[PDB]
Amino acid sequence: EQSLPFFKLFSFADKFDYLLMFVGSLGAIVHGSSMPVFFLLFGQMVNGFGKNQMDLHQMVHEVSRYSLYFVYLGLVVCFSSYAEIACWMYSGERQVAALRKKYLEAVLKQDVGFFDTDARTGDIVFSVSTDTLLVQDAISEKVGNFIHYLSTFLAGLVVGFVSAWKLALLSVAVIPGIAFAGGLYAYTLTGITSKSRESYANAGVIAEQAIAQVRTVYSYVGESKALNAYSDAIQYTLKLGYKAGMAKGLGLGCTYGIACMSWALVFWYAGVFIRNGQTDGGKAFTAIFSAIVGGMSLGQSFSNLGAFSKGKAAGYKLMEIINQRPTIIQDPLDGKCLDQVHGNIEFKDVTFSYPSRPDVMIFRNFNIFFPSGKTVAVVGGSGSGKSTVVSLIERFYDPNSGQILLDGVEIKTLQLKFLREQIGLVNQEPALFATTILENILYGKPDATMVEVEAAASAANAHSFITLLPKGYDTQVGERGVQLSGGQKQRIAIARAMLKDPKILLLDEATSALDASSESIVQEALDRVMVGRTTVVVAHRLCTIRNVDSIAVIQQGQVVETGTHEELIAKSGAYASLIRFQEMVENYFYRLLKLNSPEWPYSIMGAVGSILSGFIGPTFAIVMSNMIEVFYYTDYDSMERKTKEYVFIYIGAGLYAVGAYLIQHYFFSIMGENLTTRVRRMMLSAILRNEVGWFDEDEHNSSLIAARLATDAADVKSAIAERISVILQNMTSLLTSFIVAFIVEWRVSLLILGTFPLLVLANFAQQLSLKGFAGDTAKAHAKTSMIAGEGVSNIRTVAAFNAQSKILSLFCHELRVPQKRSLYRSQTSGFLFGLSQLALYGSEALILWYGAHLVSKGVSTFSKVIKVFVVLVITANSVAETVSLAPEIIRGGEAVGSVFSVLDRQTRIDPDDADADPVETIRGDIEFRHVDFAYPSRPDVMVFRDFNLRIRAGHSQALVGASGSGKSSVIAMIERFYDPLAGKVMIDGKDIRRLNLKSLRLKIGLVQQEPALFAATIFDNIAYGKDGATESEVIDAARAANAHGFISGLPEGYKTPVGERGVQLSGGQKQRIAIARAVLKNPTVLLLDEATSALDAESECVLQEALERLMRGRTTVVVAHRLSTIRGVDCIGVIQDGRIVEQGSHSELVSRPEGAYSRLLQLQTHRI
Ligand SMILES: CC(C)[C@H](C)[C@@H](O)[C@H](O)[C@@H](C)[C@H]1CC[C@H]2[C@@H]3COC(=O)[C@H]4C[C@H](O)[C@H](O)C[C@]4(C)[C@H]3CC[C@]12C
């Protein structure tokens, strides 16, 4: 799209924010420049040991002096880090809060006409939340990291170059090799990740179809069949994961080998330089380490730059809306007002077209009149602007060509604080803000008194309902503690309209919630208002239009006829069509480890690699310490040989690192991939062996369960394998570091042992600061975003009942709270970070001072203090890296908390066939005992209560839908889709819950309400009903539905993608293949299903052939709300209130039972 200039992001600011940014920038610069100063001081102190091991007293003096300097640097870093973190966090929060406040103010003031619910409501709210979060991300703290790391870069180059020369050059020239190796590793990792993502996308599109059409999958046994394709796909993904692990192991090995070569070359050339006499033993350390930390500085700064660019794009997207100038302007200085209005609404040559798209015509020559103190009814046959008149009287749309007068006063010169204040409006499903009930009433009146609130609500059919709450007019509709979310939501909008007492009362089609007696209660409340008021009626259905004293009907751009409710019905003038159209109507980890038992050989090699890496670490530390000690030798001839085998040791260590990392990562990747494949197979097998009622909930569709297998199945293997590897490696390294430490010197190692918690804590804080101290900022702004969304989503309601100022107070309060939270969090984080850094530097100074003093009392030398110190510092760094994994393991109970839940979530039916006696042949004895059933998703359904029916062999049934009185539940209880609440089901003289389900399901087939095809070419979509037949009977059964000519025309013969990424077929073709499957399987019991007019097959010919071919020797059950093509030659029934009300064949039900079945005849008649 487009972006904004970056320094235009800091527009909504203040003097205080300028000061905060200044302080934060100064702190960041000081911090960054301070770290290489620490390197310089350490180099000088090491030189102080090195050049003074004959002048013992001077050693003590200089070591104490530089320990004091370390303390000073610790103090400076403390204060600087506190300053940068606190100032930047607080400034970012203040500015983003100001931006949110400005943004929400614009929407309310900006005109309402452009909000046409054409996905605009969902766009704006997500824009607000997510994009304000993005802007805050790009402003608050990442600028601090950017400045800090760029400052470390600039200070790092300067310090080495002024230190001596020629090594800040070599190291800076070499570090591009490390950078390129890391970049190549990242590129390969991204490529292999994309390939694995594609492979699992194929696997998921193969799998998720079974879950969605579970009823078809269960009916036609495919549990073994479905799992084989998943097995093949997951084996492909397993091979790809093996390759991925191999590649990442090689990448780590190669990058560490290149690092070892770099260190070897740098140390060798340094040792060359000291030999000549151009550099001491302390300057080289400073130069090398300064250059390397500069390299990491560039890495972090580049990451920050990417984040900044993304934030810039988001910020432009936000700032697009604010500056949009509106059309209608409310202004006391220009807009005037009147008094004692009369409601004489008149339209004079009103023409308008939608500004978004004016190609269509809406109100071409629109001219209607609204009387005063009366009621009018505007109704249209379709979307011809019947719902637009309310969007035109309300000043929602300016008439681009025309004039409208109010009692002789034209309305374009009236402010939107007086005209709208005299009008009351109700809309479709009036949304209620997440506040108390008493707040909703206050929309109609800000604050006058309380007695009128109770008086007006009395005549609103809600005074009794509000009393059914153990609170003082307090109810939080947001937090669903008390769930008053029934279908008949409380009509508090009527009460809030009553409180305002508007002269004008616009109406809307507020009946779209499956109107019933509950929706018929509100008719009296609606009829109680139109007394002495200039009100209208806008309706879509004429069921409740029976009481109107004047009805005007518009058809195309203009009104056709007017009059009362006496002549509109008569003369059949453009009104008979409307009524006719109306009439057509915690041992989990051990269990996981046990589940990985067969893959134990790989675990041993993985562990071996772990110990080998643990030995890699301290080896590097010891060799570096030896080089540091060697630099101070006096015999230059001896230095060459020692540096020679030290360089060879570096080369050997590089090769060793390559090999060890290869072994460890490869074998642990193999183990992890095998474990995740096994758990995926087990989880899918468990899921397919579940109850249908488990899929009925809104969280167990094909879009969530199939998504859990994506992220949860990989997280478990990641957790187990990676945590085991890292813990083993670092634990071995730590043990090696102490064992080498406590042998070379046992006194100095005790102080470092004592101060070790401080060092590990400080390094932990340093590594934690890289990802920011903010934390779940989306959750902090969880109520402001909700208030903004509710204010924007129902802005149509907010336009009336003028409340453009009351929302801002709530927004201000709920913005004030997170400002305090951010203030406290920022100050605490700054203080703790400063204390941790001060502790680190003070501890290091104390360690070195005590070491130097211990050297003085002739029981040590310049060989053991330095070695133990550097080894223990590096192993403290490694242990700090280890500790950071603890939050990852702890993180939300890392995703094996539900992986192992569904894996052992026992079902209700439990179709398991452990020892139940199997069935060889079913002859047909379908009989229903006393059975009641309720939907597990909604227990409030009591459609079934003591149902009873009997079906004999070799016949059919024609159970009508009966206005959807549980029509789609008899088919779900012939087979074990649902468990009856009470009673049993007897089939073939035996209980249903005593026999294997597979045998009963493989000889009974159904016809689904919505036929569907699997995600494959059309060769098994016809043969899915029977396994064993390949080409013999498929063609024979293909001539059951007249679609052979349809399949004759196809490029690739029979094969064609229809599920996805291929040709798309019509609705009438899927049922042909479904009937083909039904006739190919050749079952004993058949089930038919037609409902909700979902056939969508004009000129019905496929059904007639099927009903005369599939009934030869198959028992079928027919259900259809339509009273057509359901001539059951055996029996027909009607289901009412969970029991049979009449039984018999079709002939016995036509003319014999004058009664409820007559409803059926008159129904078919109206329909025709
Ligand atoms: C003078 C030092 C001994 C100093 C006391 C010490 O605290 C120092 O800050 C340590 C923690 C740093 C300084 C330089 C760092 C190294 C510099 O960068 C490197 O070459 C990489 C290579 C690789 O990434 C290793 O895993 C870490 C490793 C090898 C770094 C590991 C930690 C250090 C060794």
# chains A, B, ... in the order shown; residues from 1 in each chain; ligands from 1
>>> select_by_dssp(residues="range 448-632 of chain A", states="helix (DSSP H, G or I)", output="PyMOL selection string")
chain A and resi 451-458+463-466+492-500+517-527+570-572+576-584+588-595+597-630
>>> residues_around(residues="range 1036-1045 of chain A", least_positions_apart="2", cutoff="6 Å", atoms="only C-alpha atoms", output="number ranges by chain")
A: 1033-1034, 1047-1048, 1072, 1080, 1102
>>> residues_around(residues="residue 547 in chain A", least_positions_apart="3", cutoff="10 Å", atoms="only C-alpha atoms", output="list in words")
residues 375, 377, 527, 544, 550 and 565 of chain A
>>> residues_around(residues="residue 477 in chain A", least_positions_apart="4", cutoff="12 Å", atoms="only C-alpha atoms", output="list in words")
residues 431, 432, 433, 434, 435, 436, 437, 439, 440, 481, 482, 483, 484, 485, 489 and 490 of chain A
>>> write_last_selection(atoms="N, CA, C and O atoms", output="PDB file, in the first residue's frame")
ATOM      1  N   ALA A 431     -27.679  -3.224  19.753  1.00  0.00           N
ATOM      2  CA  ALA A 431     -26.554  -3.672  20.557  1.00  0.00           C
ATOM      3  C   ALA A 431     -26.481  -2.886  21.859  1.00  0.00           C
ATOM      4  O   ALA A 431     -26.837  -1.706  21.923  1.00  0.00           O
ATOM      5  N   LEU A 432     -26.019  -3.558  22.908  1.00  0.00           N
ATOM      6  CA  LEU A 432     -25.881  -2.959  24.227  1.00  0.00           C
ATOM      7  C   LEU A 432     -24.412  -2.948  24.618  1.00  0.00           C
ATOM      8  O   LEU A 432     -23.734  -3.978  24.532  1.00  0.00           O
ATOM      9  N   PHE A 433     -23.928  -1.786  25.043  1.00  0.00           N
ATOM     10  CA  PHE A 433     -22.537  -1.645  25.440  1.00  0.00           C
ATOM     11  C   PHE A 433     -22.261  -2.436  26.714  1.00  0.00           C
ATOM     12  O   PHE A 433     -23.155  -2.682  27.527  1.00  0.00           O
ATOM     13  N   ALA A 434     -21.001  -2.837  26.882  1.00  0.00           N
ATOM     14  CA  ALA A 434     -20.620  -3.651  28.029  1.00  0.00           C
ATOM     15  C   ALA A 434     -20.550  -2.810  29.295  1.00  0.00           C
ATOM     16  O   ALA A 434     -19.475  -2.637  29.880  1.00  0.00           O
ATOM     17  N   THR A 435     -21.695  -2.283  29.724  1.00  0.00           N
ATOM     18  CA  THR A 435     -21.786  -1.514  30.957  1.00  0.00           C
ATOM     19  C   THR A 435     -22.985  -1.991  31.763  1.00  0.00           C
ATOM     20  O   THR A 435     -23.626  -2.981  31.400  1.00  0.00           O
ATOM     21  N   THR A 436     -23.298  -1.301  32.855  1.00  0.00           N
ATOM     22  CA  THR A 436     -24.468  -1.665  33.636  1.00  0.00           C
ATOM     23  C   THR A 436     -25.744  -1.286  32.891  1.00  0.00           C
ATOM     24  O   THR A 436     -25.734  -0.505  31.937  1.00  0.00           O
ATOM     25  N   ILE A 437     -26.859  -1.865  33.344  1.00  0.00           N
ATOM     26  CA  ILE A 437     -28.151  -1.585  32.726  1.00  0.00           C
ATOM     27  C   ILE A 437     -28.514  -0.113  32.866  1.00  0.00           C
ATOM     28  O   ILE A 437     -29.045   0.495  31.929  1.00  0.00           O
ATOM     29  N   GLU A 439     -26.684   2.484  32.813  1.00  0.00           N
ATOM     30  CA  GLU A 439     -26.018   3.315  31.814  1.00  0.00           C
ATOM     31  C   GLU A 439     -26.802   3.358  30.508  1.00  0.00           C
ATOM     32  O   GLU A 439     -26.873   4.408  29.860  1.00  0.00           O
ATOM     33  N   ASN A 440     -27.392   2.229  30.107  1.00  0.00           N
ATOM     34  CA  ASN A 440     -28.124   2.182  28.844  1.00  0.00           C
ATOM     35  C   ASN A 440     -29.306   3.142  28.856  1.00  0.00           C
ATOM     36  O   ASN A 440     -29.609   3.779  27.841  1.00  0.00           O
ATOM     37  N   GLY A 481     -20.998 -13.559  33.382  1.00  0.00           N
ATOM     38  CA  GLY A 481     -21.274 -14.221  34.642  1.00  0.00           C
ATOM     39  C   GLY A 481     -22.750 -14.537  34.758  1.00  0.00           C
ATOM     40  O   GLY A 481     -23.134 -15.662  35.091  1.00  0.00           O
ATOM     41  N   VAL A 482     -23.584 -13.540  34.484  1.00  0.00           N
ATOM     42  CA  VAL A 482     -25.026 -13.717  34.364  1.00  0.00           C
ATOM     43  C   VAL A 482     -25.357 -13.644  32.879  1.00  0.00           C
ATOM     44  O   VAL A 482     -25.212 -12.589  32.251  1.00  0.00           O
ATOM     45  N   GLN A 483     -25.800 -14.762  32.312  1.00  0.00           N
ATOM     46  CA  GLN A 483     -25.995 -14.888  30.868  1.00  0.00           C
ATOM     47  C   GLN A 483     -27.450 -14.574  30.535  1.00  0.00           C
ATOM     48  O   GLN A 483     -28.286 -15.469  30.402  1.00  0.00           O
ATOM     49  N   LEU A 484     -27.751 -13.286  30.400  1.00  0.00           N
ATOM     50  CA  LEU A 484     -29.054 -12.844  29.900  1.00  0.00           C
ATOM     51  C   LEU A 484     -29.031 -12.652  28.383  1.00  0.00           C
ATOM     52  O   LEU A 484     -29.511 -11.665  27.832  1.00  0.00           O
ATOM     53  N   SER A 485     -28.521 -13.667  27.691  1.00  0.00           N
ATOM     54  CA  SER A 485     -28.350 -13.642  26.239  1.00  0.00           C
ATOM     55  C   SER A 485     -29.382 -14.507  25.530  1.00  0.00           C
ATOM     56  O   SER A 485     -29.072 -15.170  24.536  1.00  0.00           O
ATOM     57  N   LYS A 489     -34.104 -10.871  23.786  1.00  0.00           N
ATOM     58  CA  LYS A 489     -33.302  -9.919  24.540  1.00  0.00           C
ATOM     59  C   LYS A 489     -34.182  -8.786  25.055  1.00  0.00           C
ATOM     60  O   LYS A 489     -35.194  -8.429  24.447  1.00  0.00           O
ATOM     61  N   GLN A 490     -33.795  -8.232  26.201  1.00  0.00           N
ATOM     62  CA  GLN A 490     -34.600  -7.195  26.830  1.00  0.00           C
ATOM     63  C   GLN A 490     -34.652  -5.950  25.954  1.00  0.00           C
ATOM     64  O   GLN A 490     -33.634  -5.499  25.421  1.00  0.00           O
TER      65      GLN A 490
END
>>> closest_residue(among="A:619, A:1008, A:638, A:33", to="ligand 1", atoms="only C-alpha atoms and all ligand atoms")
A:619
>>> residues_around(residues="residue 322 in chain A", least_positions_apart="6", cutoff="8 Å", atoms="only C-alpha atoms", output="PyMOL selection string")
chain A and resi 102-103+106-107
>>> write_last_selection(atoms="C-alpha atoms", output="PDB file, in the first residue's frame")
ATOM      1  CA  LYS A 102      -7.893  11.464  18.721  1.00  0.00           C
ATOM      2  CA  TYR A 103      -8.832   8.532  16.480  1.00  0.00           C
ATOM      3  CA  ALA A 106     -12.875  11.484  14.635  1.00  0.00           C
ATOM      4  CA  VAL A 107     -15.149   8.501  13.971  1.00  0.00           C
TER       5      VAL A 107
END
>>> closest_atom_pairs(of="chain A", to="ligand 1", cutoff="7 Å", atoms="only C-alpha atoms and all ligand atoms", output="CSV")
residue,atom,partner,partner_atom_place_in_ligand_line,distance
A:39,CA,ligand 1,1 (C),6.8
A:42,CA,ligand 1,1 (C),6.6
A:256,CA,ligand 1,23 (C),6.3
A:259,CA,ligand 1,20 (O),5.8
A:289,CA,ligand 1,14 (C),5.9
A:292,CA,ligand 1,18 (O),6.1
A:870,CA,ligand 1,3 (C),5.1
A:873,CA,ligand 1,7 (O),5.6
A:874,CA,ligand 1,11 (C),5.4
A:877,CA,ligand 1,11 (C),6.1
>>> atom_distance(atom1="CA of residue 609 in chain A", atom2="CA of residue 672 in chain A")
15.3 Å
>>> select_by_dssp(residues="range 1080-1123 of chain A", states="strand (DSSP E or B)", output="NGL selection string")
:A and (1085-1087 or 1090 or 1115-1117 or 1120)
>>> write_last_selection(atoms="C-alpha atoms", output="PDB file, in the first residue's frame")
ATOM      1  CA  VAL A1085     -31.127 -50.138   5.471  1.00  0.00           C
ATOM      2  CA  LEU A1086     -31.273 -46.799   3.650  1.00  0.00           C
ATOM      3  CA  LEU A1087     -31.903 -43.278   4.954  1.00  0.00           C
ATOM      4  CA  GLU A1090     -34.226 -33.571   2.116  1.00  0.00           C
ATOM      5  CA  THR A1115     -35.335 -50.564   3.559  1.00  0.00           C
ATOM      6  CA  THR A1116     -35.416 -46.769   3.377  1.00  0.00           C
ATOM      7  CA  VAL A1117     -36.572 -43.921   5.616  1.00  0.00           C
ATOM      8  CA  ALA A1120     -38.705 -34.088   3.854  1.00  0.00           C
TER       9      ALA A1120
END
>>> atom_distance(atom1="CA of residue 933 in chain A", atom2="CA of residue 913 in chain A")
24.2 Å
>>> closest_residue(among="A:1066, A:755, A:278, A:188", to="residue 872 in chain A", atoms="only C-alpha atoms")
A:755
>>> atom_distance(atom1="CA of residue 817 in chain A", atom2="CA of residue 90 in chain A")
13.2 Å
>>> closest_residue(among="A:1027, A:925, A:1148, A:14", to="residue 1127 in chain A", atoms="only C-alpha atoms")
A:1148
>>> residues_around(residues="residue 780 in chain A", least_positions_apart="2", cutoff="12 Å", atoms="only C-alpha atoms", output="PyMOL selection string")
chain A and resi 93+129+133+774-778+782-786+814-822+825
>>> residues_around(residues="residue 1096 in chain A", least_positions_apart="4", cutoff="12 Å", atoms="only C-alpha atoms", output="list in words")
residues 1009, 1010, 1011, 1066, 1067, 1068, 1069, 1070, 1071, 1090, 1091, 1092 and 1100 of chain A
>>> closest_residue(among="A:1132, A:579, A:584, A:835", to="residue 74 in chain A", atoms="only C-alpha atoms")
A:835
>>> closest_atom_pairs(of="range 596-634 of chain A", to="range 44-62 of chain A", cutoff="12 Å", atoms="only C-alpha atoms", output="JSON lines")
{"residue": "A:625", "atom": "CA", "partner": "A:46", "partner_atom": "CA", "distance": 11.4}
{"residue": "A:628", "atom": "CA", "partner": "A:46", "partner_atom": "CA", "distance": 8.7}
{"residue": "A:629", "atom": "CA", "partner": "A:50", "partner_atom": "CA", "distance": 7.8}
{"residue": "A:630", "atom": "CA", "partner": "A:50", "partner_atom": "CA", "distance": 9.7}
{"residue": "A:631", "atom": "CA", "partner": "A:50", "partner_atom": "CA", "distance": 8.5}
{"residue": "A:632", "atom": "CA", "partner": "A:50", "partner_atom": "CA", "distance": 5.8}
{"residue": "A:633", "atom": "CA", "partner": "A:50", "partner_atom": "CA", "distance": 8.9}
{"residue": "A:634", "atom": "CA", "partner": "A:51", "partner_atom": "CA", "distance": 10.2}
>>> closest_residue(among="A:1133, A:335, A:1005, A:893", to="residue 1145 in chain A", atoms="only C-alpha atoms")
A:1133
>>> closest_residue(among="A:345, A:224, A:182, A:216", to="residue 296 in chain A", atoms="only C-alpha atoms")
A:182
